[PDB]
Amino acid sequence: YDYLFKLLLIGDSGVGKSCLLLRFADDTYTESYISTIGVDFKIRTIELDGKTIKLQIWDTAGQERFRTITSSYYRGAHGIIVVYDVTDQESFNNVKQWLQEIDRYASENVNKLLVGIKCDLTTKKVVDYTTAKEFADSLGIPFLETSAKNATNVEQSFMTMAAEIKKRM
């Protein structure tokens, strides 16, 4: 490829990471051991301005166990997407803490995005748009609030991030 951009997907279990991962494909490579366990990343290739870009996104296995924000959260990625569940107050409270720290420790040029999602349509909203937007603004980080009903803006956010990363190098 002309480019390989590494994206980190940060979020707890059951908050809607699965919804965001629908914008990516499974890698088709396997061998015996990988077939038994699976992997924690997905991929997508796009052509942008005549160049081929591979996006590789890690929804890192076991991350929910280790919420001390160590370097694995803020080094070795071009973009970091942090997600909470709009139907779960504690999920938002947790993400405020993690994102504050990631923003503090990551290089300024790492692309960051906060996503509030309703991934289960049978659930009831709790976290106001304005509250989450105010938080994102306090850090100077883009914010996307989204529902599984329509993923157009999610798709848009990833395409924007890819173009921004490409430009910065």
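One-based numbering along the sequence shown.
- Between 29 to 37 and 132 to 140, it is 132 to 140 that carries the larger average Cα temperature factor according to the deposited entry.
- Taking the mean C-alpha B-factor of each stretch as recorded, 90 to 98 and 67 to 75 are not equal, and the higher mean is that of 67 to 75.
- Of the candidates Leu114, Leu121, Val126, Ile43, it is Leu121 whose Cα B-factor is highest according to the PDB record.
- Per the PDB entry, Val154 shows the highest C-alpha temperature factor of the residues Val15, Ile10, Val154, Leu21.
- Ranked within its chain, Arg104 lands in the middle third, by CA B factor from the PDB record.
- When all modelled residues of the chain are sorted by CA temperature factor, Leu48 is found within the highest third.
- The PDB entry assigns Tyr1 a C-alpha temperature factor belonging to the highest third of its chain's modelled residues.
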